[PDB]
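Here is the file data.cif (mmCIF, C-alpha atoms and all ligand atoms).
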data_work
loop_
_atom_site.label_atom_id
_atom_site.label_comp_id
_atom_site.auth_asym_id
_atom_site.auth_seq_id
_atom_site.Cartn_x
_atom_site.Cartn_y
_atom_site.Cartn_z
CA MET A 1 -87.33 17.88 -2.24
CA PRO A 2 -87.51 18.52 -6.04
CA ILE A 3 -86.98 15.35 -8.07
CA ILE A 4 -83.73 15.12 -9.99
CA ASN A 5 -84.19 13.47 -13.38
CA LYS A 6 -82.59 15.10 -16.45
CA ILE A 7 -78.77 14.95 -16.27
CA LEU A 8 -76.19 15.97 -18.88
CA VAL A 9 -73.09 13.82 -19.02
CA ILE A 10 -70.19 15.28 -20.94
CA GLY A 11 -67.75 12.88 -22.62
CA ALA A 12 -68.00 9.31 -23.82
CA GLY A 13 -64.92 7.66 -22.46
CA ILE A 14 -65.02 5.18 -19.61
CA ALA A 15 -66.47 7.38 -16.87
CA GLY A 16 -69.25 8.91 -18.98
CA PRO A 17 -70.82 5.73 -20.31
CA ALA A 18 -70.40 4.04 -16.90
CA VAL A 19 -72.12 6.82 -15.00
CA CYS A 20 -74.90 6.90 -17.62
CA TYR A 21 -75.42 3.17 -17.08
CA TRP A 22 -75.84 3.55 -13.34
CA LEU A 23 -77.86 6.77 -13.47
CA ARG A 24 -80.35 5.17 -15.87
CA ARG A 25 -80.45 1.92 -13.86
CA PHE A 26 -81.14 3.89 -10.65
CA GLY A 27 -84.03 5.79 -12.24
CA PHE A 28 -82.60 9.02 -13.68
CA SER A 29 -82.54 10.26 -17.26
CA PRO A 30 -78.96 10.85 -18.30
CA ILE A 31 -78.09 12.28 -21.70
CA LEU A 32 -74.59 11.63 -23.07
CA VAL A 33 -72.79 14.13 -25.33
CA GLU A 34 -69.43 13.75 -27.05
CA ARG A 35 -67.37 16.43 -28.80
CA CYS A 36 -65.85 14.03 -31.32
CA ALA A 37 -67.92 12.97 -34.38
CA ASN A 38 -67.89 9.33 -33.27
CA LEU A 39 -66.85 7.12 -30.36
CA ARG A 40 -63.15 7.37 -29.67
CA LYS A 41 -61.98 3.79 -29.24
CA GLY A 42 -58.22 4.27 -29.48
CA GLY A 43 -55.90 3.46 -26.57
CA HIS A 44 -53.91 0.71 -24.94
CA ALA A 45 -55.12 -2.18 -22.84
CA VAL A 46 -56.56 -1.31 -19.43
CA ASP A 47 -56.67 -3.42 -16.25
CA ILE A 48 -59.97 -4.02 -14.50
CA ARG A 49 -59.14 -4.95 -10.90
CA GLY A 50 -60.72 -5.66 -7.56
CA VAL A 51 -64.20 -4.34 -6.78
CA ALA A 52 -64.54 -3.02 -10.35
CA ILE A 53 -64.83 -6.67 -11.40
CA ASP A 54 -67.80 -7.09 -9.05
CA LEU A 55 -69.31 -3.98 -10.66
CA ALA A 56 -68.78 -5.56 -14.12
CA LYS A 57 -70.66 -8.63 -12.91
CA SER A 58 -73.57 -6.51 -11.58
CA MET A 59 -73.57 -4.61 -14.87
CA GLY A 60 -73.90 -7.87 -16.81
CA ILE A 61 -70.73 -7.05 -18.78
CA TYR A 62 -68.25 -9.40 -17.04
CA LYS A 63 -68.57 -12.26 -19.52
CA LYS A 64 -68.25 -9.83 -22.46
CA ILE A 65 -65.12 -8.33 -20.93
CA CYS A 66 -63.66 -11.79 -20.29
CA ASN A 67 -64.44 -12.71 -23.91
CA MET A 68 -62.60 -9.61 -25.14
CA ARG A 69 -59.60 -9.92 -22.82
CA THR A 70 -56.11 -9.61 -24.34
CA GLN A 71 -54.49 -12.84 -25.58
CA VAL A 72 -50.83 -11.74 -26.06
CA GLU A 73 -48.70 -14.91 -25.96
CA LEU A 74 -45.21 -13.44 -26.39
CA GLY A 75 -43.55 -10.34 -24.98
CA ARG A 76 -40.40 -9.45 -26.87
CA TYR A 77 -37.68 -6.94 -26.01
CA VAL A 78 -35.29 -5.78 -28.71
CA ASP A 79 -32.38 -3.41 -29.24
CA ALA A 80 -32.09 -0.69 -31.88
CA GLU A 81 -31.17 -3.25 -34.56
CA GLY A 82 -33.95 -5.69 -33.68
CA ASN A 83 -31.82 -8.25 -31.82
CA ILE A 84 -33.86 -10.06 -29.18
CA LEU A 85 -32.72 -9.09 -25.69
CA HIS A 86 -35.36 -11.01 -23.79
CA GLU A 87 -38.69 -12.82 -24.26
CA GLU A 88 -41.51 -13.50 -21.78
CA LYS A 89 -44.18 -16.23 -21.86
CA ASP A 90 -58.22 -9.10 -12.91
CA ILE A 91 -58.90 -8.57 -16.62
CA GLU A 92 -56.82 -6.83 -19.29
CA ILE A 93 -58.87 -5.46 -22.17
CA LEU A 94 -58.25 -2.90 -24.94
CA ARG A 95 -59.61 0.50 -23.93
CA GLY A 96 -61.82 0.79 -27.05
CA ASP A 97 -63.38 -2.60 -26.40
CA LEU A 98 -64.36 -1.51 -22.88
CA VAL A 99 -65.77 1.79 -24.19
CA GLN A 100 -67.93 -0.11 -26.66
CA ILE A 101 -69.11 -2.61 -24.03
CA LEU A 102 -70.13 0.24 -21.70
CA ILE A 103 -71.91 2.13 -24.48
CA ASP A 104 -73.70 -1.10 -25.45
CA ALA A 105 -74.76 -1.77 -21.82
CA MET A 106 -76.12 1.75 -21.41
CA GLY A 107 -79.51 0.85 -22.88
CA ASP A 108 -81.70 3.77 -23.83
CA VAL A 109 -79.47 6.62 -23.00
CA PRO A 110 -79.36 9.14 -25.81
CA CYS A 111 -75.81 9.55 -27.12
CA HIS A 112 -75.00 12.67 -29.14
CA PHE A 113 -71.83 13.32 -31.14
CA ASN A 114 -70.26 16.50 -32.56
CA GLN A 115 -71.60 18.44 -29.56
CA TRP A 116 -69.74 21.50 -28.31
CA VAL A 117 -70.58 22.98 -24.92
CA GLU A 118 -69.86 26.71 -24.88
CA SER A 119 -70.91 27.66 -21.33
CA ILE A 120 -72.43 26.27 -18.18
CA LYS A 121 -74.59 28.55 -16.05
CA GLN A 122 -75.93 27.47 -12.70
CA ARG A 123 -79.35 28.87 -11.88
CA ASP A 124 -81.57 28.53 -8.83
CA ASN A 125 -83.31 25.28 -9.76
CA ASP A 126 -81.28 24.01 -12.74
CA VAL A 127 -78.21 24.37 -14.92
CA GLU A 128 -78.35 26.21 -18.22
CA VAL A 129 -75.97 24.86 -20.84
CA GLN A 130 -75.24 26.72 -24.04
CA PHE A 131 -73.70 24.97 -27.03
CA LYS A 132 -71.50 26.67 -29.63
CA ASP A 133 -74.38 26.49 -32.14
CA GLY A 134 -76.28 28.85 -29.85
CA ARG A 135 -78.66 26.23 -28.47
CA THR A 136 -79.52 26.44 -24.79
CA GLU A 137 -80.73 23.48 -22.78
CA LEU A 138 -81.74 23.01 -19.15
CA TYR A 139 -80.67 20.14 -16.92
CA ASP A 140 -81.13 19.29 -13.26
CA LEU A 141 -77.45 18.39 -13.01
CA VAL A 142 -74.39 18.36 -15.25
CA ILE A 143 -71.52 15.88 -15.03
CA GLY A 144 -68.04 16.41 -16.45
CA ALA A 145 -66.81 13.02 -17.70
CA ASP A 146 -64.53 14.71 -20.20
CA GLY A 147 -61.09 13.50 -19.11
CA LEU A 148 -57.79 14.99 -17.89
CA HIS A 149 -58.18 18.24 -19.87
CA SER A 150 -61.81 18.63 -18.86
CA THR A 151 -63.58 21.55 -20.49
CA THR A 152 -66.29 21.24 -17.87
CA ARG A 153 -63.86 21.63 -14.98
CA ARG A 154 -62.45 24.77 -16.62
CA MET A 155 -65.90 26.32 -17.07
CA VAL A 156 -67.28 25.50 -13.65
CA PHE A 157 -64.34 25.72 -11.22
CA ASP A 158 -61.94 28.59 -10.54
CA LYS A 159 -58.28 27.98 -11.32
CA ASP A 160 -57.49 27.84 -7.59
CA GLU A 161 -60.06 25.03 -7.09
CA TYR A 162 -57.95 22.46 -9.03
CA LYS A 163 -54.30 21.64 -9.57
CA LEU A 164 -52.76 19.71 -12.44
CA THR A 165 -49.35 18.26 -11.67
CA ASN A 166 -47.53 17.21 -14.83
CA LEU A 167 -45.05 14.46 -13.88
CA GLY A 168 -42.78 15.13 -16.86
CA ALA A 169 -43.63 12.16 -19.08
CA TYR A 170 -45.80 11.76 -22.21
CA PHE A 171 -47.37 8.85 -24.07
CA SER A 172 -49.01 8.15 -27.40
CA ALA A 173 -51.16 5.33 -28.72
CA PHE A 174 -52.18 4.71 -32.31
CA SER A 175 -52.93 1.82 -34.69
CA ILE A 176 -51.22 0.84 -37.93
CA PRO A 177 -51.32 -2.14 -40.28
CA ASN A 178 -49.53 -5.09 -38.69
CA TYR A 179 -46.77 -4.97 -41.26
CA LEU A 180 -44.33 -7.14 -39.28
CA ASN A 181 -46.96 -9.88 -39.04
CA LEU A 182 -46.85 -10.02 -35.26
CA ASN A 183 -48.88 -12.93 -33.97
CA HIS A 184 -50.26 -12.36 -30.48
CA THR A 185 -46.94 -10.67 -29.85
CA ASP A 186 -45.87 -7.43 -28.16
CA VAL A 187 -42.48 -6.00 -29.14
CA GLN A 188 -40.78 -3.23 -27.21
CA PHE A 189 -37.60 -1.16 -27.74
CA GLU A 190 -36.24 1.05 -24.93
CA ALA A 191 -33.27 3.41 -24.95
CA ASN A 192 -32.25 6.76 -23.45
CA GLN A 193 -35.39 7.23 -21.33
CA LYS A 194 -37.64 6.65 -24.35
CA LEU A 195 -39.78 3.68 -25.26
CA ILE A 196 -41.60 2.43 -28.36
CA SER A 197 -43.84 -0.66 -28.56
CA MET A 198 -45.93 -2.48 -31.13
CA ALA A 199 -48.42 -5.29 -30.55
CA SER A 200 -50.89 -7.34 -32.62
CA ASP A 201 -53.32 -9.54 -30.72
CA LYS A 202 -57.10 -9.18 -31.14
CA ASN A 203 -56.87 -8.24 -34.83
CA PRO A 204 -54.14 -9.92 -36.90
CA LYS A 205 -54.33 -7.17 -39.56
CA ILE A 206 -53.63 -4.36 -37.10
CA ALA A 207 -50.94 -3.47 -34.59
CA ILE A 208 -51.33 -0.93 -31.82
CA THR A 209 -48.25 1.16 -31.07
CA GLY A 210 -47.16 3.09 -28.04
CA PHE A 211 -44.55 5.72 -27.29
CA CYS A 212 -43.32 6.88 -23.90
CA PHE A 213 -40.82 9.59 -23.09
CA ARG A 214 -39.82 12.35 -20.68
CA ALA A 215 -39.72 16.04 -21.51
CA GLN A 216 -39.57 19.36 -19.67
CA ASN A 217 -40.42 22.96 -20.60
CA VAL A 218 -42.23 21.95 -23.77
CA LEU A 219 -42.28 24.88 -26.21
CA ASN A 220 -44.85 23.35 -28.53
CA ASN A 221 -48.62 23.78 -28.14
CA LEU A 222 -49.76 20.25 -27.36
CA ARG A 223 -53.53 20.88 -27.30
CA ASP A 224 -53.61 20.39 -31.10
CA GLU A 225 -53.38 16.88 -32.68
CA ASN A 226 -51.04 18.06 -35.45
CA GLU A 227 -48.72 19.66 -32.92
CA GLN A 228 -48.82 16.44 -30.87
CA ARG A 229 -47.87 14.41 -33.96
CA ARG A 230 -45.14 16.92 -34.75
CA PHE A 231 -43.68 16.82 -31.24
CA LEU A 232 -43.71 13.02 -31.31
CA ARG A 233 -42.05 12.86 -34.75
CA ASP A 234 -39.35 15.32 -33.65
CA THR A 235 -38.72 13.57 -30.31
CA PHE A 236 -38.33 10.12 -31.92
CA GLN A 237 -36.38 11.14 -35.02
CA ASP A 238 -33.44 8.70 -35.37
CA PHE A 239 -34.61 6.59 -32.40
CA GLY A 240 -33.92 3.26 -34.11
CA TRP A 241 -35.51 -0.15 -34.62
CA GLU A 242 -38.84 0.30 -36.47
CA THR A 243 -39.53 3.88 -35.34
CA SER A 244 -39.17 5.43 -38.83
CA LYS A 245 -41.65 3.11 -40.53
CA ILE A 246 -44.07 3.35 -37.59
CA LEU A 247 -43.96 7.17 -37.71
CA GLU A 248 -44.55 7.06 -41.46
CA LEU A 249 -47.66 4.87 -41.00
CA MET A 250 -48.85 7.16 -38.18
CA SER A 251 -49.83 9.71 -40.88
CA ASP A 252 -52.77 7.48 -41.86
CA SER A 253 -53.74 6.30 -38.35
CA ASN A 254 -57.34 7.24 -37.40
CA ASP A 255 -57.18 6.49 -33.65
CA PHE A 256 -54.18 8.69 -32.59
CA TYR A 257 -54.03 9.77 -28.95
CA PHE A 258 -51.34 11.69 -27.10
CA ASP A 259 -51.16 12.99 -23.55
CA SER A 260 -49.02 13.85 -20.53
CA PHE A 261 -48.74 11.85 -17.32
CA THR A 262 -50.60 14.26 -15.03
CA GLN A 263 -52.47 14.14 -11.73
CA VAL A 264 -55.56 16.21 -10.96
CA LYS A 265 -56.02 17.32 -7.34
CA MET A 266 -59.15 19.10 -6.15
CA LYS A 267 -60.52 19.79 -2.66
CA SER A 268 -63.93 18.90 -4.16
CA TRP A 269 -65.04 17.24 -7.41
CA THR A 270 -68.40 18.97 -7.21
CA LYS A 271 -69.79 22.47 -7.21
CA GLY A 272 -73.49 23.27 -6.92
CA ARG A 273 -75.34 21.19 -9.53
CA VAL A 274 -72.12 20.14 -11.31
CA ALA A 275 -70.00 17.02 -10.64
CA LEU A 276 -66.82 15.61 -12.14
CA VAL A 277 -66.40 11.86 -12.66
CA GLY A 278 -63.21 10.08 -13.73
CA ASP A 279 -60.01 11.77 -14.91
CA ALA A 280 -61.73 15.16 -15.01
CA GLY A 281 -61.73 15.31 -11.21
CA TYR A 282 -59.16 12.73 -10.09
CA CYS A 283 -56.73 11.62 -12.86
CA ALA A 284 -53.90 9.59 -11.31
CA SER A 285 -51.88 9.42 -14.55
CA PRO A 286 -51.26 6.15 -16.40
CA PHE A 287 -48.50 5.13 -14.01
CA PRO A 288 -50.63 3.04 -11.59
CA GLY A 289 -53.04 1.88 -14.36
CA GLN A 290 -56.08 2.86 -12.29
CA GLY A 291 -57.89 5.23 -14.67
CA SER A 292 -60.61 2.76 -15.65
CA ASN A 293 -61.09 1.37 -12.17
CA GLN A 294 -61.49 4.88 -10.77
CA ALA A 295 -63.97 5.69 -13.50
CA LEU A 296 -66.02 2.54 -12.90
CA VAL A 297 -66.06 2.83 -9.10
CA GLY A 298 -66.69 6.57 -9.14
CA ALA A 299 -69.61 6.14 -11.56
CA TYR A 300 -71.29 3.64 -9.27
CA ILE A 301 -70.82 5.62 -6.06
CA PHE A 302 -71.90 8.83 -7.71
CA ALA A 303 -75.15 7.36 -9.04
CA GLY A 304 -75.89 5.40 -5.87
CA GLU A 305 -75.48 8.36 -3.53
CA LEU A 306 -77.66 10.43 -5.82
CA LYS A 307 -80.35 7.71 -5.79
CA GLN A 308 -80.39 7.54 -1.98
CA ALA A 309 -80.32 11.31 -1.43
CA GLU A 310 -83.81 11.66 -2.93
CA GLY A 311 -83.39 15.16 -4.32
CA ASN A 312 -80.70 16.39 -1.95
CA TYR A 313 -77.87 16.57 -4.42
CA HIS A 314 -75.53 18.43 -2.10
CA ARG A 315 -75.67 15.56 0.39
CA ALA A 316 -75.08 13.00 -2.39
CA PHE A 317 -72.15 15.04 -3.69
CA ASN A 318 -70.59 15.33 -0.26
CA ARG A 319 -70.80 11.56 0.26
CA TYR A 320 -69.46 10.93 -3.26
CA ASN A 321 -66.47 13.11 -2.44
CA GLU A 322 -65.86 11.47 0.91
CA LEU A 323 -66.34 7.85 -0.06
CA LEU A 324 -64.10 7.89 -3.16
CA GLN A 325 -61.35 10.10 -1.76
CA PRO A 326 -59.29 7.34 -0.04
CA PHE A 327 -59.05 5.19 -3.20
CA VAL A 328 -58.06 8.22 -5.32
CA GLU A 329 -55.43 9.29 -2.78
CA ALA A 330 -53.90 5.82 -2.69
CA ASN A 331 -53.83 5.61 -6.49
CA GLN A 332 -52.23 9.04 -6.85
CA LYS A 333 -49.56 8.11 -4.28
CA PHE A 334 -48.74 4.91 -6.13
CA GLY A 335 -48.57 6.89 -9.37
CA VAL A 336 -45.93 9.20 -7.92
CA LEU A 337 -43.96 6.20 -6.60
CA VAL A 338 -43.95 4.59 -10.04
CA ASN A 339 -42.86 7.94 -11.53
CA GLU A 340 -39.72 7.94 -9.44
CA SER A 341 -38.43 4.82 -11.29
CA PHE A 342 -39.91 5.26 -14.81
CA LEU A 343 -37.50 6.05 -17.62
CA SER A 344 -30.28 -3.22 -11.38
CA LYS A 345 -32.93 -5.25 -13.25
CA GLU A 346 -33.53 -7.37 -10.17
CA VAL A 347 -33.90 -4.44 -7.75
CA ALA A 348 -36.12 -2.60 -10.22
CA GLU A 349 -38.37 -5.62 -10.73
CA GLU A 350 -38.58 -6.20 -6.99
CA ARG A 351 -39.59 -2.58 -6.33
CA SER A 352 -42.11 -2.69 -9.19
CA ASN A 353 -43.66 -5.92 -7.96
CA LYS A 354 -44.21 -4.44 -4.51
CA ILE A 355 -46.03 -1.40 -5.87
CA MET A 356 -48.16 -3.51 -8.24
CA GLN A 357 -49.09 -5.86 -5.42
CA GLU A 358 -50.12 -2.82 -3.34
CA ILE A 359 -52.12 -1.40 -6.24
CA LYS A 360 -53.94 -4.72 -6.63
CA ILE A 361 -54.66 -4.77 -2.91
CA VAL A 362 -56.10 -1.23 -2.58
CA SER A 363 -58.31 -2.04 -5.57
CA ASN A 364 -59.99 -4.55 -3.26
CA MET A 365 -60.12 -2.23 -0.24
CA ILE A 366 -63.17 -0.27 -1.38
CA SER A 367 -66.54 -0.89 0.23
CA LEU A 368 -69.29 -0.78 -2.41
CA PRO A 369 -72.45 0.37 -0.60
CA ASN A 370 -75.76 -1.34 -1.29
CA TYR A 371 -77.92 0.98 -3.35
CA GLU A 372 -80.42 -1.72 -4.35
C1 LIG B 1 -58.98 8.22 -27.40
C2 LIG B 1 -58.40 8.04 -26.02
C3 LIG B 1 -57.32 7.19 -25.88
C4 LIG B 1 -56.72 6.98 -24.64
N1 LIG B 1 -55.67 6.13 -24.57
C5 LIG B 1 -55.06 5.91 -23.38
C6 LIG B 1 -53.91 5.01 -23.25
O1 LIG B 1 -53.47 4.40 -24.25
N2 LIG B 1 -53.38 4.83 -22.03
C7 LIG B 1 -53.85 5.46 -20.94
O2 LIG B 1 -53.30 5.25 -19.84
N3 LIG B 1 -54.89 6.32 -20.97
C8 LIG B 1 -55.52 6.56 -22.14
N4 LIG B 1 -56.60 7.45 -22.19
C9 LIG B 1 -57.04 8.03 -20.91
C10 LIG B 1 -57.85 6.96 -20.15
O3 LIG B 1 -59.00 6.53 -20.90
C11 LIG B 1 -58.28 7.52 -18.79
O4 LIG B 1 -57.06 7.61 -18.06
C12 LIG B 1 -59.30 6.68 -18.00
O5 LIG B 1 -59.07 5.30 -18.22
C13 LIG B 1 -60.77 6.91 -18.31
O6 LIG B 1 -60.99 8.25 -18.04
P1 LIG B 1 -62.31 9.08 -18.37
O7 LIG B 1 -63.41 8.25 -18.96
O8 LIG B 1 -62.60 10.00 -17.20
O9 LIG B 1 -61.77 10.08 -19.53
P2 LIG B 1 -61.27 9.75 -21.03
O10 LIG B 1 -61.15 8.30 -21.32
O11 LIG B 1 -60.12 10.66 -21.30
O12 LIG B 1 -62.52 10.20 -21.92
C14 LIG B 1 -62.83 11.56 -22.09
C15 LIG B 1 -63.94 11.62 -23.11
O13 LIG B 1 -64.53 12.92 -23.07
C16 LIG B 1 -64.48 13.47 -24.38
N5 LIG B 1 -64.44 14.95 -24.31
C17 LIG B 1 -63.36 15.73 -24.02
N6 LIG B 1 -63.72 17.03 -24.01
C18 LIG B 1 -65.03 17.08 -24.29
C19 LIG B 1 -66.03 18.14 -24.43
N7 LIG B 1 -65.63 19.41 -24.27
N8 LIG B 1 -67.30 17.80 -24.72
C20 LIG B 1 -67.66 16.50 -24.86
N9 LIG B 1 -66.80 15.48 -24.76
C21 LIG B 1 -65.50 15.72 -24.47
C22 LIG B 1 -63.25 12.85 -24.99
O14 LIG B 1 -63.24 12.98 -26.40
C23 LIG B 1 -63.34 11.43 -24.48
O15 LIG B 1 -64.20 10.57 -25.24
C24 LIG B 1 -57.24 7.69 -23.43
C25 LIG B 1 -58.34 8.56 -23.58
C26 LIG B 1 -58.92 8.77 -24.83
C27 LIG B 1 -60.10 9.70 -24.94
#

Please rewrite the model in this file as structure tokens.
Ligand SMILES: Cc1cc2nc3c(=O)[nH]c(=O)nc-3n(C[C@H](O)[C@H](O)[C@H](O)COP(=O)(O)OP(=O)(O)OC[C@H]3O[C@@H](n4cnc5c(N)ncnc54)[C@H](O)[C@@H]3O)c2cc1C
Amino acid sequence: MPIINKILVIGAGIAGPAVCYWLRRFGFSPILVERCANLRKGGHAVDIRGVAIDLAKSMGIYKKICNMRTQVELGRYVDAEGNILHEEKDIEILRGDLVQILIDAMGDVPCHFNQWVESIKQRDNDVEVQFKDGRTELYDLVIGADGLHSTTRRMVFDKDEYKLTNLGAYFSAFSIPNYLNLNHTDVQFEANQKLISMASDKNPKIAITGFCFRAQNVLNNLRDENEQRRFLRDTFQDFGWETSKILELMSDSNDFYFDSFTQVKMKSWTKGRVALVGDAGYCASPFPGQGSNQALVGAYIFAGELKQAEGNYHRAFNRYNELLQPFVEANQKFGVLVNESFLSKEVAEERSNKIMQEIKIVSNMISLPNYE
């Protein structure tokens, strides 16, 4: 039936650039748009596991990813005065490095920045997208790759067609000058169900920080970056160790990110000519560390099923939904299990090791169909 070619992909994270790669490789014409003025490369290291590694090999990015893998030599745990409590010592790679690798591998896929989708209107034979500058454009399909808080999901699906479950924890990531001269070293301070960390590895001039904490009934409006910064500053006031200096340097950080630990549950990730890929449809929260693997696997399956459906997008979408659902369900379950213990050392480590082993295993329990 009618050929599908022109496809809008909204968001340039992991899922968006990955699905553009596979759509273009399989003979479609994806167009990538991003709301931010440039690529957002902030964020902590991610773990590429299992069949996603085979995808990286097929994508010709495996060697690049191995070359960019994290080299941290020393984990260090300290108390509020900086006394050392303890020291320690699939691919782990900084999120931004993976984003750039995927963008680079994309080839000739137009990538547009500072783009604001206002509305998405499904018509008989296409989807009409209006942008906040008044422009209207037509696409055969539209893909939300826009993350946990997906604008696309909100425009396309009714509120009773998705459920966000906030698990009661929040995290932040941002970069600062490496003022403690950490050398391939990660330092972490934990107290009172809060956590702060700082690590310098890839770049000796820069340290990436992270914050983790639990909160309930948040009064603040956390959709705004300034309110996020404010809530973080207020939560960690008087926390100890290096928190004060880190929060001071945060004012000049250009890669700030803040979010909740939240799972997205939907009976379907697709509606008509619209599909969600990655956190937009299936976020499992950071707890199991599967966000990137889900994005990479979902991208491949989405594009493959579309290729084989030869115009029948509803059939492709149904198979996409069905084939990825078991992996997502497993990941979300493991996320909830991790939640139950997050914020004796031996018991805790033993329980954590079992879950991580099981996460590693299910990452290898996906069949990747042959689309070529
Ligand atoms: C800057 C950044 C930092 C992150 N840091 C961490 C971290 O440290 N730890 C962690 O566990 N997870 C982090 N995440 C989430 C993590 O990347 C995801 O869990 C997953 O790995 C990949 O999901 P995704 O590609 O579907 O969505 P995301 O990586 O969230 O990417 C979404 C992309 O869509 C863009 N976007 C959003 N709305 C619109 C719109 N209306 N129009 C166009 N584009 C839009 C975003 O700006 C972003 O580039 C981060 C996400 C971002 C964007």

Residues near residue 31 in chain A, cut-off 6 Å, only C-alpha atoms, skip fewer than 6 positions along chain, as a PyMOL selection string: chain A and resi 8-9+109-110

Could you list, with a cut-off of 7 Å and counting all atoms listed in the file, the residues of chain A near ligand LIG 1 (chain B), each shown with its nearest atom pair and the distance in Å rounded to one decimal, rows sorted by chain and ascending number, as a tab-separated table?
residue	atom	partner	partner_atom	distance
A:10	CA	B:LIG1	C20	4.8
A:11	CA	B:LIG1	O13	3.3
A:12	CA	B:LIG1	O15	4.2
A:13	CA	B:LIG1	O12	3.5
A:14	CA	B:LIG1	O7	3.5
A:15	CA	B:LIG1	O7	3.8
A:16	CA	B:LIG1	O7	5.9
A:33	CA	B:LIG1	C20	5.7
A:34	CA	B:LIG1	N9	3.9
A:35	CA	B:LIG1	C20	4.0
A:36	CA	B:LIG1	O14	5.7
A:39	CA	B:LIG1	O15	6.7
A:40	CA	B:LIG1	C1	4.8
A:41	CA	B:LIG1	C1	5.7
A:42	CA	B:LIG1	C1	4.5
A:43	CA	B:LIG1	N1	3.3
A:44	CA	B:LIG1	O1	3.8
A:45	CA	B:LIG1	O1	6.9
A:95	CA	B:LIG1	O3	6.8
A:115	CA	B:LIG1	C20	6.4
A:116	CA	B:LIG1	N8	5.7
A:117	CA	B:LIG1	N8	6.1
A:145	CA	B:LIG1	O8	5.2
A:146	CA	B:LIG1	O13	3.4
A:147	CA	B:LIG1	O9	3.5
A:148	CA	B:LIG1	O11	6.0
A:150	CA	B:LIG1	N6	5.7
A:151	CA	B:LIG1	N7	4.8
A:152	CA	B:LIG1	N7	6.7
A:172	CA	B:LIG1	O1	6.6
A:173	CA	B:LIG1	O1	5.1
A:255	CA	B:LIG1	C1	6.7
A:257	CA	B:LIG1	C3	5.2
A:277	CA	B:LIG1	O8	6.2
A:278	CA	B:LIG1	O8	3.5
A:279	CA	B:LIG1	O8	3.9
A:280	CA	B:LIG1	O8	5.7
A:283	CA	B:LIG1	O4	6.6
A:285	CA	B:LIG1	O4	6.5
A:286	CA	B:LIG1	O2	4.1
A:289	CA	B:LIG1	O2	6.4
A:291	CA	B:LIG1	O5	3.7
A:292	CA	B:LIG1	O5	3.9
A:295	CA	B:LIG1	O8	5.8

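Distance annotation: of A:29, A:175, A:193, A:228, the residue with the minimal separation from residue 140 in chain A is A:29; atom set is all atoms listed in the file.
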
10 Å contact set for residue 97 in chain A, all atoms listed in the file, chain neighbours under 2 positions out, as a PyMOL selection string: chain A and resi 41-43+45-46+64-65+68-69+93-95+99-103

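Closest approach to residue 85 in chain A among A:251, A:188, A:244, A:216 is made by A:188 (distances from only C-alpha atoms).
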
N, CA, C and O atoms restored at range 278-286 of chain A, emitted as a compact mmCIF listing (two decimals), in the coordinates of the input:
# COMPACT_ATOMS: atom_id res chain seq x y z
N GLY A 278 -64.37 10.57 -13.00
CA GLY A 278 -63.21 10.08 -13.73
C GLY A 278 -62.03 11.03 -13.75
O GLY A 278 -61.82 11.80 -12.81
N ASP A 279 -61.25 10.99 -14.83
CA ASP A 279 -60.01 11.77 -14.91
C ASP A 279 -60.21 13.26 -14.76
O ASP A 279 -59.30 13.96 -14.30
N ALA A 280 -61.39 13.75 -15.14
CA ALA A 280 -61.73 15.16 -15.01
C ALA A 280 -61.54 15.68 -13.58
O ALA A 280 -61.09 16.81 -13.38
N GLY A 281 -61.94 14.90 -12.58
CA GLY A 281 -61.73 15.31 -11.21
C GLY A 281 -60.53 14.72 -10.49
O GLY A 281 -60.02 15.31 -9.54
N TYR A 282 -60.20 13.48 -10.82
CA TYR A 282 -59.16 12.73 -10.09
C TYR A 282 -58.08 11.96 -10.87
O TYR A 282 -57.66 10.90 -10.39
N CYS A 283 -57.75 12.34 -12.11
CA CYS A 283 -56.73 11.62 -12.86
C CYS A 283 -55.50 11.31 -12.01
O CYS A 283 -55.02 12.17 -11.28
N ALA A 284 -55.08 10.05 -12.03
CA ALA A 284 -53.90 9.59 -11.31
C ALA A 284 -52.69 9.39 -12.21
O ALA A 284 -51.64 8.95 -11.74
N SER A 285 -52.85 9.70 -13.49
CA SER A 285 -51.88 9.42 -14.55
C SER A 285 -51.87 7.94 -14.89
O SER A 285 -52.43 7.13 -14.15
N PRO A 286 -51.27 7.57 -16.03
CA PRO A 286 -51.26 6.15 -16.40
C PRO A 286 -50.40 5.26 -15.50
O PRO A 286 -50.53 4.04 -15.52
